[PDB]
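Two forms of a single protein chain come next, each set out by itself as C-alpha cells; they are called structure 1 and structure 2.
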Structure 1
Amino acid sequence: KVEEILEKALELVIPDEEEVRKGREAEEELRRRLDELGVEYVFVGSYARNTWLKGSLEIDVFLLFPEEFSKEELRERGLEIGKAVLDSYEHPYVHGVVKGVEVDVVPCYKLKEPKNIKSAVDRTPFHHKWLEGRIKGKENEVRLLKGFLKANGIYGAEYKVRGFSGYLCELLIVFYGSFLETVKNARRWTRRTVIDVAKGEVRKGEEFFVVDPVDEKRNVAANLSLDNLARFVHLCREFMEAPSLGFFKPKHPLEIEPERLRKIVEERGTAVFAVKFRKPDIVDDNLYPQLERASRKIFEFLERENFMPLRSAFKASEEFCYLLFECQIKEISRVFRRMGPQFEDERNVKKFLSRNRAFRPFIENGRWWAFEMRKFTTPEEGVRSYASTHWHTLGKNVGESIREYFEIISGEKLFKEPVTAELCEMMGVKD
C-alpha cells in the first residue's frame, strides 16, 4: 500500500520536462558566460545534485577566491553573467535570471578544505562535496521528503517557515537511506534527539541537533522550531498509521464567509481582534522575527492585564501587517486591587494613604491594599494604550511603523481583511 502511495507521490515531487528543460538551458549558458571570463566556479545547489523539488528550480554558483578580501569582483562577475540582477543581503550576492531560470552567484574562497574564512558561504562547497557522492541514486527520496514537508508547510529554514532546509533533507535521506525509513524513525525523535551523520549515530543531547558532517559544531536543523519538529513527528506517526497521497498535497484554504466567522466567535464567546499597521520595507528574514516578537510582547501584556489571551498569530500582506489575538475576557471591572505596604511600615503606610481615592483602603493578611481604577476595561483598549507608548519593544521596524500609525480592528471589519486563513487556524476551525 505505502509503496503504491510513494509511487504516485513521485508524480507530485519530481520536476518536469519543461522545467528540467529550463535548467538545462540556463546551466550550459551560464557556464559559457563563466568560462569565457576564465572564472573558477562550482554549481552547488539542489540543482547541482538533481535533488530539487518540482517547480522549485534555481541555480547556485559559488565563485572561488584565494586568501584576499574584496570580492566586489563577484559583484562584477555576477552582473556580467546574469541577464537581470539584484543585490541580496559578507552576505551580499547577485541574484538574477539567465535563460529565464533563477540564479544565485555567490562569493567564496577556493578553500583547500575545512577551516572556512569567517565561514558561512565558504561552507556551501564542502556541503556539496560531502553529499554529491553519497546522495547519488536517492534523488527522488529527497524529493519525497521535500514534497512531504512542503505540502505540510514545513519545508524551508527561512524565518517565515522555521522548517526543514533542503540540506537537512539530504543529510536525513543519507542517514536513513530513504524517505520511508526516515519517517519510520522520525516517529521516535524527541526534542533532545541528536542525529550525528558523520558518526552514523543517534544520541541524546540538550536540543534537537543534526550535526553537520562538514563542521561538527553546527546544527543543520538550527532554524527548525520545536513546534515544527513536533508537527513532523506527529505527521510521520499519522502517515504510517494510515498512508495517503493527501500528505503530499497542500491542504485547501478554508473558504469561509464572514458571517460564519462571526458566529464561530460569538459562540466561542471571546474577544477577537487585530492590530493593523503598514508593513515596513525590509526582507522577510528581518520582518518575521519582528512580527513574532511584537505579537509575544502584546500577548504578555494581555496576560499581565488579566485579559487571558488564548492564542495569537500574525499576517504580512503586500502593504500591511496584522497581529491577531483572541482573549477569554471581553471586559474586566473598572476597579482593581492595588498592593500597599506591610502594616509595620509607618512611613510608607502614611504615604500610601495620603492619595485620594474613591474607596477606602483596607488591611488584609497584614498588608494594606487599595481599590483603584483601571484606565481601560477591554483588551482592545488595553492594546491601544500599549501600542501607543510601548511600540519601542515591538521590534525596530515594526515598532517604528506602529508609532506612525496603527488601528485595532474587530468584528466584520476584521473579517473583511485578508487574515481569515490565520484566524481559522488560530481558533482551530475545521471544514
Structure 2
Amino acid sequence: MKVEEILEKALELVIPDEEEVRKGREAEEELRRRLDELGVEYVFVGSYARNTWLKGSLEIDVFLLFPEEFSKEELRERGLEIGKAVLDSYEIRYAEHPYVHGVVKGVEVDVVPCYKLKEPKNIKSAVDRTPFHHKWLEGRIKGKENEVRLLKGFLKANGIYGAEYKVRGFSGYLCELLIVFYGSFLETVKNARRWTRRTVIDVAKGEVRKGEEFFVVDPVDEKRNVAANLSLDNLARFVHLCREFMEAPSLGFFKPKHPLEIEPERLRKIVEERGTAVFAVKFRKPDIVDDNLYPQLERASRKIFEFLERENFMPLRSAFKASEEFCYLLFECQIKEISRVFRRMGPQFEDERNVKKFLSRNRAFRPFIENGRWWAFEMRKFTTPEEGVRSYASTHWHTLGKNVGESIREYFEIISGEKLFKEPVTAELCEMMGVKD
C-alpha cells in the first residue's frame, strides 16, 4: 500500500543531505569569486546548477563562453589557462576542446571551454549543446527536481542509469526530459508501462508517436535521439519494472541489490543438475577505458557464441566480467561432448573431375552417396566446447575486439569444472543461469 509513503522514504536515499549541499554552495561561491576576478564569461550547467544531482554525486560544471570568432586552438589555450587558474588541484582531459577537471574546496569541478552561440543550429560539438540543454531545462524543471532524483534512483538501483557503454541505459539528461514530459515520477512509470521499441517521445512538439526505434527527441536538436545508447533489453527491463512497480510498489525498487553469493558446492550441484558445459575464457584486462573495453567484451562473447553455434555445441547464453587484472568471457552449452566423426559434403555425382579428387583422399571410412551428392565421414579436430574455443580464440584472436583480441593473442586460459567456481565470476554465472536466491 501507500506508494506515496514509499516515495517519501525513497527520497531520503536520493536527496543530498544539508552538509553535502553546504559543501557544494561553498565551492560554487568560491569558484564564482575566482572566475569573476579573471573577468571571464561563464555558465554553471548540469545537475548541480539545476539541483537535480543524486546523493553522493556532487560535481560542479562550469562552461566558459568564448566569442565565435575565436579559433579552436585559442579556445583550448584560453580555457585551460582559466581552468588551471581557478581550481585548487587540476588535471587535463579530452581532445578537440580539452577541458580541465579538478577540485575546489573538496568538490569535483569541470571547467569546459565552448563557443557562446546565439542559436542551437550552430553546433560543431556536443559540448556546444550542453549549455542549450541547461538553458532549455532550467525553468522547465523547477519544482520537479526531486521527481528527477526519484527516477535516477529507481534506475540506478536497477543497474540501468547512465548512457555509457558499460551500462547502455538512461542518461541524466534523458531522466530530466522524461520528468518535464510526464511531470512526475509515477506518471513516467505509469506511462512507461505502455512504451514499445517503436515509441517516439517528442518533448518540444508535445507529442508521442511511432517510429522505427525508441527515440526521445532532443528539444534542442530534433535529429538527435537522447536515448540513442539505451539498449533494447534495458528498455524492456525498465518497462517490465514499471509494470511490477505499479502492481505492487515497494521501497525495494530503490535499493541496490547485493549478489546471491553461494557456496561453490551448491553451484557445482546446480551445473551438474543442468547437465551443461560451463566454462570461461580468462585473459588479462587491456589497459583501456570502460567505453572501449565493454563493447569489445560484447564483440568477443558474440563471436565465440556464434562459433559455438556453428560447431554444434548449442550455446545457451554468454556473459562477461572485467576485474582490475583479468577479464572473463563466460559460456554455457547444452553439449558437453560431440562425436569425433562428422559428415563432410562433397560434389554432385555428375562432377567427375571433383568427385575423383573427393574420393582420392585417404579416410578411415568409405564416402557415400546421399540425395545425388557425395559425402564423407571425417574426424573433428575438437570434441568439446572448451577445446573448440581454445582453437578459435588462438586462431581468430584478431576478430575478438581490437584490444581484447590482442590480449587474448598474448595469453588466455580456458577454465571449467571446479576451478571455475574458485574464480571471481560467481555472480555472473548465477545471473546467466537464472539461479534463484
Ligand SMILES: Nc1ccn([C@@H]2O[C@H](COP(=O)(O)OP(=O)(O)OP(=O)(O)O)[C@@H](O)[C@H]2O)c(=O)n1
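Here, a residue number simply tells you its place in the sequence of structure 1, counted from 1. We call the rigid core the largest set of C-alpha positions that still match within 1.5 Å between the two forms.
A.B. asks: Please match the form deposited with the ligand bound to structure 1 or structure 2.
C.D. replies: Looking at both copies of the chain, structure 1 is the one that matches the description.
A.B. asks: Shifts of 2 Å or more at the CA atom, core superposed, between structures 1 and 2: which of the listed residues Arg360, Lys204, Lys136, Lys118 is the one?
C.D. replies: So the only displaced C-alpha belongs to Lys118.
A.B. asks: Just checking, between structures 1 and 2 and with the core aligned, does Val97 shift 2 Å or more at the CA?
C.D. replies: Yes; that C-alpha moves by at least 2 Å between structures 1 and 2.
A.B. asks: Rigid core aligned, does the Cα position of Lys375 differ by 2 Å or more between structures 1 and 2?
C.D. replies: Comparing the forms between structures 1 and 2, which are aligned on their rigid core, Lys375 does not shift its C-alpha by 2 Å or more.
A.B. asks: Quick one: once the rigid core is lined up, does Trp391 have its C-alpha move by 2 Å or more between structures 1 and 2?
C.D. replies: No, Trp391 moves less than 2 Å.
A.B. asks: If I align on the rigid core, how far apart are the two C-alpha positions of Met308 between structures 1 and 2? Answer in Å.
C.D. replies: Taking the core as reference, the C-alpha of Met308 is shifted 0.3 Å.
A.B. asks: Relative to the superposed core, what is the Cα shift for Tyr41 between structures 1 and 2, in Å?
C.D. replies: With the cores aligned, its C-alpha sits 2.1 Å away.
A.B. asks: Rigid core superposed, I'd like the Cα shift of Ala84 between structures 1 and 2 in Å.
C.D. replies: Its C-alpha shift, to one decimal, is 12.0 Å.
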